[PDB]
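>>> quick one: experimental structure and sequence below.
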Amino acid sequence: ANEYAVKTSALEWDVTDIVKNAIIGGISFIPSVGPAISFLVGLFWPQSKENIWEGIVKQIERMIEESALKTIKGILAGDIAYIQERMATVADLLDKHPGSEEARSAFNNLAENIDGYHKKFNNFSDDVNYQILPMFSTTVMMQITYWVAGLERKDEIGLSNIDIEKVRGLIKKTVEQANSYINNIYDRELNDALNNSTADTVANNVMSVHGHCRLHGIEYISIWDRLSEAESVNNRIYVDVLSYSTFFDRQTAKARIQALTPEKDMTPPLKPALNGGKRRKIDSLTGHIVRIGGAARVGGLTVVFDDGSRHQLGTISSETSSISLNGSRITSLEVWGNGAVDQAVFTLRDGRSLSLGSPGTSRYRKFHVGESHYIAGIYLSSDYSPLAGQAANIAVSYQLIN
């Protein structure tokens, strides 16, 4: 009816992160179009594994209404299966006979037939559409990468000017439709969570929408936007879009202030600032430990960025332990707590870790999206007097980095 309730996963995940990483790194090492198309096939339909669509379904199916889920699985069983076989066939024909009419016809025919597959994953109810957004965005990326890879290598395929202009129109129309669609459902869901949540739930309800739509939509757009402009899959792309987590484990007024800030106006330390087109890196972290009944607990956190800017979060203490990131990125944050932050463990890519506090519970929550998403910002607050200085919540922002 009215009171908003989160419709997606409580935690943040990405099944398409291997695809995104390979794309933003480019495939300049693959000169031939045949191997280039085969390399794409290996991303979306990995050998001897489930494809990306099936992997997304396994993550979200527990939340999908049954009749909609049966329709979705039928699409994967038929349409998605046909594309794998056809694209593999097109890749082999381009490999064996690079300039032949047989291979070019197969590419152009497949280029036409994949037009509109993205609409198969936004033809449901508004709620199911929102839930399967990663399925829509994955299908769009499959379309754009196939079209652009062939268009970039149009001389090796032998495309005519009519073929070239047709593929261009497909890329342009599809990117505009996807950007329009993703931003439309993002804006609607964010407004629903902002105005129809209670005071006790609005912070995590809003952050959840930001996380879902930016990790499974906005950061996608940043990738294929560059792909369509350059008409190339050979360039190294930097994605400055951030996605977000919810607050663990008690929402406070300071957390609400952050969550209710428009994403474009969010400040450090939760959202790292832009410098020269790059998001600033975290230079060091200083944890502040408070004693609650003799036990070590997280009280506060100091975040220093590579520009020297310092950000004090939570309670200042005389018991501290720090770590210098030395240019390495935070791959995971693990927190134990029940109504508060008992212990927090930051793990860096280089193997080092910083552990703060001690667990007073088994209740646990991991901030970790995958191998190509890194914690780029942190927020923490202790504005809950019953906790007597102990941190009440913590949240992070993720960035896709090659």
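Ah, there it is. Numbering: from 1, shown residues only.
>>> which strands or helices does the helix or strand hosting residue 88 pack on?
Assigned by DSSP states H and E, residue 88 belongs to helix 81-96. Where contact means 3 or more C-beta pairs under 8 Å, 6 or more residues apart in numbering; DSSP states H and E, helix 81-96 is packed against helix 33-44, helix 101-113. For the C-beta atoms, the positions are set from N, CA and C on the backbone; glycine is no exception.
>>> so which of these is the most surrounded?
helix 33-44 (a mean of 20; mean count of other C-beta atoms under 10 Å).
>>> by how many degrees do that helix and helix 101-113 diverge?
40 degrees (axes from the mean of the first three to the mean of the last three C-alpha atoms, to 10 degrees).
>>> in the next helix or strand after helix 33-44, what's buried?
Using DSSP H and E, the helix or strand that follows helix 33-44 towards the C-terminus is helix 52-60. Residues of helix 52-60 classed as buried by neighbour count (16 or more other C-beta atoms under 10 Å): 52-53, 55-57, 60.
>>> columns distance to residue 27 on top of the helices and strands packed on helix 81-96, output as CSV?
Output for the helices and strands packed on helix 81-96, formatted as CSV (distance: least, C-beta to C-beta, whole Å):
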stretch, distance to residue 27
helix 33-44, 6
helix 101-113, 17
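>>> please enumerate the helices of the chain.
With helices called from DSSP state H, the chain shows them at 17-25, 33-44, 52-60, 66-75, 81-96, 101-113, 126-131, 133-152, 154-157, 161-195, 202-213, 219-230, 253-259.
>>> among those helices, which is nearest residue 244?
helix 202-213 (4.6 Å; C-beta to C-beta).
>>> just the C-alpha atoms of that closest one, please, in PDB.
Taking C-alpha atoms only, helix 202-213 is exported to PDB below (Å, rounded to 0.1, in the frame of the first residue of the first chain):
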ATOM      1  CA  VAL A 202      14.100   5.700   5.700                       C
ATOM      2  CA  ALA A 203      17.900   5.700   5.900                       C
ATOM      3  CA  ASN A 204      18.500   2.100   4.900                       C
ATOM      4  CA  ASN A 205      15.500   2.100   2.500                       C
ATOM      5  CA  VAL A 206      17.100   5.000   0.500                       C
ATOM      6  CA  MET A 207      20.600   3.700   0.600                       C
ATOM      7  CA  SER A 208      19.300   0.300  -0.600                       C
ATOM      8  CA  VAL A 209      17.800   2.000  -3.700                       C
ATOM      9  CA  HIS A 210      21.000   3.900  -4.300                       C
ATOM     10  CA  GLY A 211      23.000   0.700  -4.100                       C
ATOM     11  CA  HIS A 212      20.800  -1.400  -6.300                       C
ATOM     12  CA  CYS A 213      20.300   1.200  -9.000                       C
END
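>>> ok so, going back, nearest to residue 214, out of the helices and strands packed on helix 81-96?
It's helix 33-44; of the helices and strands packed on helix 81-96, that one is closest to residue 214 (C-beta to C-beta) at 21.5 Å.
>>> what residues does the closest one touch?
By C-beta atoms under 8 Å, 6 or more residues apart in numbering, the surrounding residues in contact with helix 33-44 are 18-19, 22-23, 27, 30, 51-52, 84, 87-88, 90-96, 98, 107, 138, 142, 145-146, 149-150, 153, 156-157, 233.
>>> which of the residues in the helix holding residue 88 are buried?
83, 87, 90-95.
>>> next one: stretch 287-298
Buried, per 16+ other C-beta under 10 Å, within stretch 287-298: 287-290, 292, 296-298.
>>> of these, which pair is most distant in space?
287 and 292 (14.9 Å).
>>> check the gap between the residue lying closest to residue 216 once chain neighbours are set aside and residue 100 for me.
Leaving aside its sequence neighbours, residue 216 sits nearest to residue 134 (C-beta to C-beta, 6 or more residues apart in numbering; 4.0 Å). Residue 134 sits 37 Å away from residue 100 when distances are taken as C-beta to C-beta, to the nearest Å.
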